[PDB]
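Student: Let me begin by handing over the structure; questions about it come next.
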Amino acid sequence: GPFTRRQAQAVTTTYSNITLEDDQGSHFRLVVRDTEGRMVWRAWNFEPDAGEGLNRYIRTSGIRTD
């Protein structure tokens, strides 16, 4: 479902197309960008299943190795 500040870092360490913004402590959202860095999808942290939408972008491919 949702993630943590630590988890976020790990997913963004993996996918540099992700970005941690709107940081207010525990209130923040990850901005999924494309290869260029265009905003494709930004999802919060405290969302019951934030990972649901994020993983749909990821599709176990991501912009990592691609």
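Labels used: A, B, ... for chains in the order of the structure tokens, numbers from 1 for residues in each chain, and numbers from 1 for ligands as shown.
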May I have the residues within 12 Å of segment 42-50 of chain A as a PDB file with N, CA, C and O atoms, in the first residue's frame, using only C-alpha atoms and disregarding those fewer than 3 positions away in the same chain?
Tutor:
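Saved the output as part-v8.pdb:
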```pdb
ATOM      1  N   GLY A   1       0.803  -1.213   0.000  1.00  0.00           N
ATOM      2  CA  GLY A   1       0.000   0.000   0.000  1.00  0.00           C
ATOM      3  C   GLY A   1       0.839   1.267   0.000  1.00  0.00           C
ATOM      4  O   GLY A   1       1.465   1.597  -1.008  1.00  0.00           O
ATOM      5  N   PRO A   2       0.846   2.019   1.115  1.00  0.00           N
ATOM      6  CA  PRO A   2       1.668   3.217   1.246  1.00  0.00           C
ATOM      7  C   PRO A   2       3.137   2.883   1.488  1.00  0.00           C
ATOM      8  O   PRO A   2       3.506   1.718   1.661  1.00  0.00           O
ATOM      9  N   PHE A   3       3.972   3.906   1.514  1.00  0.00           N
ATOM     10  CA  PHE A   3       5.405   3.717   1.687  1.00  0.00           C
ATOM     11  C   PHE A   3       5.935   4.564   2.834  1.00  0.00           C
ATOM     12  O   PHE A   3       5.173   5.214   3.543  1.00  0.00           O
ATOM     13  N   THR A   4       7.244   4.541   3.010  1.00  0.00           N
ATOM     14  CA  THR A   4       7.896   5.322   4.045  1.00  0.00           C
ATOM     15  C   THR A   4       8.927   6.251   3.421  1.00  0.00           C
ATOM     16  O   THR A   4       9.225   6.140   2.230  1.00  0.00           O
ATOM     17  N   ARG A   5       9.460   7.163   4.221  1.00  0.00           N
ATOM     18  CA  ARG A   5      10.521   8.056   3.774  1.00  0.00           C
ATOM     19  C   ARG A   5      11.733   7.248   3.323  1.00  0.00           C
ATOM     20  O   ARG A   5      12.387   7.577   2.336  1.00  0.00           O
ATOM     21  N   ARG A   6      12.022   6.184   4.064  1.00  0.00           N
ATOM     22  CA  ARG A   6      13.117   5.287   3.724  1.00  0.00           C
ATOM     23  C   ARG A   6      12.835   4.546   2.419  1.00  0.00           C
ATOM     24  O   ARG A   6      13.660   4.556   1.506  1.00  0.00           O
ATOM     25  N   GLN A   7      11.666   3.907   2.338  1.00  0.00           N
ATOM     26  CA  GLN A   7      11.278   3.164   1.139  1.00  0.00           C
ATOM     27  C   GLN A   7      11.320   4.058  -0.090  1.00  0.00           C
ATOM     28  O   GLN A   7      11.891   3.686  -1.110  1.00  0.00           O
ATOM     29  N   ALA A   8      10.723   5.243   0.026  1.00  0.00           N
ATOM     30  CA  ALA A   8      10.725   6.225  -1.063  1.00  0.00           C
ATOM     31  C   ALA A   8      12.132   6.425  -1.615  1.00  0.00           C
ATOM     32  O   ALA A   8      12.360   6.321  -2.826  1.00  0.00           O
ATOM     33  N   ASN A  17      13.972   8.705 -12.047  1.00  0.00           N
ATOM     34  CA  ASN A  17      12.882   9.425 -12.674  1.00  0.00           C
ATOM     35  C   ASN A  17      11.815   9.746 -11.636  1.00  0.00           C
ATOM     36  O   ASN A  17      10.866  10.467 -11.915  1.00  0.00           O
ATOM     37  N   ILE A  18      11.979   9.203 -10.435  1.00  0.00           N
ATOM     38  CA  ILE A  18      11.108   9.547  -9.324  1.00  0.00           C
ATOM     39  C   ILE A  18      11.715  10.736  -8.585  1.00  0.00           C
ATOM     40  O   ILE A  18      12.911  10.993  -8.709  1.00  0.00           O
ATOM     41  N   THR A  19      10.906  11.471  -7.833  1.00  0.00           N
ATOM     42  CA  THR A  19      11.411  12.608  -7.079  1.00  0.00           C
ATOM     43  C   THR A  19      10.552  12.885  -5.852  1.00  0.00           C
ATOM     44  O   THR A  19       9.327  12.858  -5.926  1.00  0.00           O
ATOM     45  N   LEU A  20      11.199  13.129  -4.724  1.00  0.00           N
ATOM     46  CA  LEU A  20      10.490  13.406  -3.484  1.00  0.00           C
ATOM     47  C   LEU A  20      10.262  14.907  -3.345  1.00  0.00           C
ATOM     48  O   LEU A  20      11.206  15.671  -3.143  1.00  0.00           O
ATOM     49  N   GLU A  21       9.012  15.330  -3.477  1.00  0.00           N
ATOM     50  CA  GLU A  21       8.669  16.740  -3.352  1.00  0.00           C
ATOM     51  C   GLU A  21       7.485  16.916  -2.410  1.00  0.00           C
ATOM     52  O   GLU A  21       6.930  15.931  -1.917  1.00  0.00           O
ATOM     53  N   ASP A  22       7.120  18.174  -2.162  1.00  0.00           N
ATOM     54  CA  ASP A  22       6.016  18.512  -1.257  1.00  0.00           C
ATOM     55  C   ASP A  22       6.305  18.029   0.155  1.00  0.00           C
ATOM     56  O   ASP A  22       5.388  17.723   0.919  1.00  0.00           O
ATOM     57  N   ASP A  23       7.584  18.004   0.502  1.00  0.00           N
ATOM     58  CA  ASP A  23       8.027  17.478   1.787  1.00  0.00           C
ATOM     59  C   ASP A  23       7.640  18.401   2.933  1.00  0.00           C
ATOM     60  O   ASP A  23       7.992  19.585   2.949  1.00  0.00           O
ATOM     61  N   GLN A  24       6.904  17.842   3.876  1.00  0.00           N
ATOM     62  CA  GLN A  24       6.462  18.554   5.063  1.00  0.00           C
ATOM     63  C   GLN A  24       6.709  17.676   6.294  1.00  0.00           C
ATOM     64  O   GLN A  24       6.138  17.886   7.365  1.00  0.00           O
ATOM     65  N   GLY A  25       7.573  16.681   6.129  1.00  0.00           N
ATOM     66  CA  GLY A  25       7.851  15.748   7.203  1.00  0.00           C
ATOM     67  C   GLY A  25       7.356  14.354   6.876  1.00  0.00           C
ATOM     68  O   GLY A  25       8.067  13.559   6.263  1.00  0.00           O
ATOM     69  N   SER A  26       6.131  14.055   7.279  1.00  0.00           N
ATOM     70  CA  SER A  26       5.507  12.792   6.922  1.00  0.00           C
ATOM     71  C   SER A  26       4.548  13.028   5.764  1.00  0.00           C
ATOM     72  O   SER A  26       4.103  12.094   5.098  1.00  0.00           O
ATOM     73  N   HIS A  27       4.231  14.296   5.535  1.00  0.00           N
ATOM     74  CA  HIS A  27       3.412  14.688   4.400  1.00  0.00           C
ATOM     75  C   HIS A  27       4.309  15.048   3.232  1.00  0.00           C
ATOM     76  O   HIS A  27       4.983  16.069   3.259  1.00  0.00           O
ATOM     77  N   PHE A  28       4.338  14.189   2.231  1.00  0.00           N
ATOM     78  CA  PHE A  28       5.137  14.413   1.036  1.00  0.00           C
ATOM     79  C   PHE A  28       4.654  13.481  -0.059  1.00  0.00           C
ATOM     80  O   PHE A  28       3.957  12.503   0.225  1.00  0.00           O
ATOM     81  N   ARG A  29       4.999  13.778  -1.299  1.00  0.00           N
ATOM     82  CA  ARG A  29       4.582  12.929  -2.403  1.00  0.00           C
ATOM     83  C   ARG A  29       5.695  12.732  -3.416  1.00  0.00           C
ATOM     84  O   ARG A  29       6.516  13.624  -3.647  1.00  0.00           O
ATOM     85  N   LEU A  30       5.722  11.549  -4.007  1.00  0.00           N
ATOM     86  CA  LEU A  30       6.725  11.219  -4.995  1.00  0.00           C
ATOM     87  C   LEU A  30       6.219  11.555  -6.381  1.00  0.00           C
ATOM     88  O   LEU A  30       5.134  11.130  -6.787  1.00  0.00           O
ATOM     89  N   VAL A  31       7.001  12.333  -7.089  1.00  0.00           N
ATOM     90  CA  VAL A  31       6.670  12.720  -8.441  1.00  0.00           C
ATOM     91  C   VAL A  31       7.369  11.803  -9.430  1.00  0.00           C
ATOM     92  O   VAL A  31       8.596  11.831  -9.557  1.00  0.00           O
ATOM     93  N   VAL A  32       6.590  10.966 -10.092  1.00  0.00           N
ATOM     94  CA  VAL A  32       7.105  10.095 -11.128  1.00  0.00           C
ATOM     95  C   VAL A  32       7.238  10.875 -12.428  1.00  0.00           C
ATOM     96  O   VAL A  32       6.244  11.339 -12.996  1.00  0.00           O
ATOM     97  N   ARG A  33       8.467  11.040 -12.873  1.00  0.00           N
ATOM     98  CA  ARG A  33       8.752  11.726 -14.118  1.00  0.00           C
ATOM     99  C   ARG A  33       9.156  10.726 -15.188  1.00  0.00           C
ATOM    100  O   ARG A  33       9.318   9.536 -14.906  1.00  0.00           O
ATOM    101  N   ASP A  34       9.305  11.206 -16.412  1.00  0.00           N
ATOM    102  CA  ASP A  34       9.739  10.360 -17.517  1.00  0.00           C
ATOM    103  C   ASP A  34      11.247  10.487 -17.708  1.00  0.00           C
ATOM    104  O   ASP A  34      11.940  11.075 -16.875  1.00  0.00           O
ATOM    105  N   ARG A  38       9.561  14.994 -17.236  1.00  0.00           N
ATOM    106  CA  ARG A  38       8.229  15.560 -17.273  1.00  0.00           C
ATOM    107  C   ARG A  38       7.346  14.885 -16.232  1.00  0.00           C
ATOM    108  O   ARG A  38       7.483  13.688 -15.983  1.00  0.00           O
ATOM    109  N   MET A  39       6.457  15.654 -15.620  1.00  0.00           N
ATOM    110  CA  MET A  39       5.546  15.119 -14.612  1.00  0.00           C
ATOM    111  C   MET A  39       4.574  14.133 -15.250  1.00  0.00           C
ATOM    112  O   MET A  39       3.750  14.519 -16.080  1.00  0.00           O
ATOM    113  N   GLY A  53      -0.716   2.981  -7.755  1.00  0.00           N
ATOM    114  CA  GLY A  53      -0.543   3.800  -8.940  1.00  0.00           C
ATOM    115  C   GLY A  53       0.905   3.864  -9.373  1.00  0.00           C
ATOM    116  O   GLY A  53       1.211   3.820 -10.569  1.00  0.00           O
ATOM    117  N   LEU A  54       1.797   3.953  -8.394  1.00  0.00           N
ATOM    118  CA  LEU A  54       3.229   4.010  -8.666  1.00  0.00           C
ATOM    119  C   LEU A  54       3.702   2.741  -9.372  1.00  0.00           C
ATOM    120  O   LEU A  54       4.412   2.811 -10.375  1.00  0.00           O
ATOM    121  N   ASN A  55       3.282   1.587  -8.865  1.00  0.00           N
ATOM    122  CA  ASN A  55       3.678   0.303  -9.443  1.00  0.00           C
ATOM    123  C   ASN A  55       3.116   0.137 -10.846  1.00  0.00           C
ATOM    124  O   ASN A  55       3.712  -0.543 -11.680  1.00  0.00           O
ATOM    125  N   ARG A  56       1.967   0.752 -11.102  1.00  0.00           N
ATOM    126  CA  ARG A  56       1.375   0.723 -12.436  1.00  0.00           C
ATOM    127  C   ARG A  56       2.243   1.472 -13.434  1.00  0.00           C
ATOM    128  O   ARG A  56       2.307   1.098 -14.603  1.00  0.00           O
ATOM    129  N   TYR A  57       2.905   2.531 -12.988  1.00  0.00           N
ATOM    130  CA  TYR A  57       3.875   3.194 -13.844  1.00  0.00           C
ATOM    131  C   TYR A  57       5.126   2.333 -13.967  1.00  0.00           C
ATOM    132  O   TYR A  57       5.646   2.133 -15.064  1.00  0.00           O
TER     133      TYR A  57
END
```
Student: Just how far from atom CA of residue 41 of chain A is atom CA of residue 14 of chain A, in Å to one decimal?
Tutor: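 It comes out at 16.9 Å.
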Student: Which residues are near residue 16 of chain A? Cut-off 9 Å, only C-alpha atoms, ignore same chain within fewer than 5 positions. Put them as a PDB file with N, CA, C and O atoms, in the first residue's frame.
Tutor:
```
ATOM      1  N   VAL A  11      13.369   3.704  -3.803  1.00  0.00           N
ATOM      2  CA  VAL A  11      12.678   3.493  -5.063  1.00  0.00           C
ATOM      3  C   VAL A  11      13.146   4.556  -6.021  1.00  0.00           C
ATOM      4  O   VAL A  11      13.086   4.411  -7.237  1.00  0.00           O
ATOM      5  N   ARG A  33       8.467  11.040 -12.873  1.00  0.00           N
ATOM      6  CA  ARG A  33       8.752  11.726 -14.118  1.00  0.00           C
ATOM      7  C   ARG A  33       9.156  10.726 -15.188  1.00  0.00           C
ATOM      8  O   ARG A  33       9.318   9.536 -14.906  1.00  0.00           O
ATOM      9  N   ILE A  63      12.295   3.341 -15.413  1.00  0.00           N
ATOM     10  CA  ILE A  63      13.265   4.059 -16.224  1.00  0.00           C
ATOM     11  C   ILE A  63      14.688   3.706 -15.780  1.00  0.00           C
ATOM     12  O   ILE A  63      15.672   4.264 -16.256  1.00  0.00           O
ATOM     13  N   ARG A  64      14.777   2.752 -14.857  1.00  0.00           N
ATOM     14  CA  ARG A  64      16.062   2.266 -14.360  1.00  0.00           C
ATOM     15  C   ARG A  64      16.906   1.676 -15.489  1.00  0.00           C
ATOM     16  O   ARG A  64      17.763   2.348 -16.061  1.00  0.00           O
TER      17      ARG A  64
END
```
Student: Could you give me the residues within chain A that DSSP places in strand (DSSP E), as a ChimeraX atom specification?
Tutor: /A:18-21,29-33,39-44
Student: Identify, with DSSP run on backbone atoms, the residues in chain A assigned to alpha helix (DSSP H), and express the list as a VMD selection string.
Tutor: chain A and resid 5 to 14 50 to 58
Student: May I have the residues from that selection written out with C-alpha atoms, as a PDB file, in the first residue's frame?
Tutor:
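The resulting file, out_22.pdb, is reproduced below:
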```pdb
ATOM      1  CA  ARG A   5      10.521   8.056   3.774  1.00  0.00           C
ATOM      2  CA  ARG A   6      13.117   5.287   3.724  1.00  0.00           C
ATOM      3  CA  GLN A   7      11.278   3.164   1.139  1.00  0.00           C
ATOM      4  CA  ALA A   8      10.725   6.225  -1.063  1.00  0.00           C
ATOM      5  CA  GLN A   9      14.467   6.881  -1.093  1.00  0.00           C
ATOM      6  CA  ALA A  10      15.115   3.287  -2.160  1.00  0.00           C
ATOM      7  CA  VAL A  11      12.678   3.493  -5.063  1.00  0.00           C
ATOM      8  CA  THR A  12      14.118   6.759  -6.166  1.00  0.00           C
ATOM      9  CA  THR A  13      17.626   5.510  -5.749  1.00  0.00           C
ATOM     10  CA  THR A  14      16.486   2.833  -8.160  1.00  0.00           C
ATOM     11  CA  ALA A  50      -0.013   4.911  -3.055  1.00  0.00           C
ATOM     12  CA  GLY A  51       2.127   2.104  -4.411  1.00  0.00           C
ATOM     13  CA  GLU A  52      -0.799   0.897  -6.505  1.00  0.00           C
ATOM     14  CA  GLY A  53      -0.543   3.800  -8.940  1.00  0.00           C
ATOM     15  CA  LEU A  54       3.229   4.010  -8.666  1.00  0.00           C
ATOM     16  CA  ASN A  55       3.678   0.303  -9.443  1.00  0.00           C
ATOM     17  CA  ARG A  56       1.375   0.723 -12.436  1.00  0.00           C
ATOM     18  CA  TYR A  57       3.875   3.194 -13.844  1.00  0.00           C
ATOM     19  CA  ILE A  58       6.815   1.028 -12.786  1.00  0.00           C
TER      20      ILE A  58
END
```
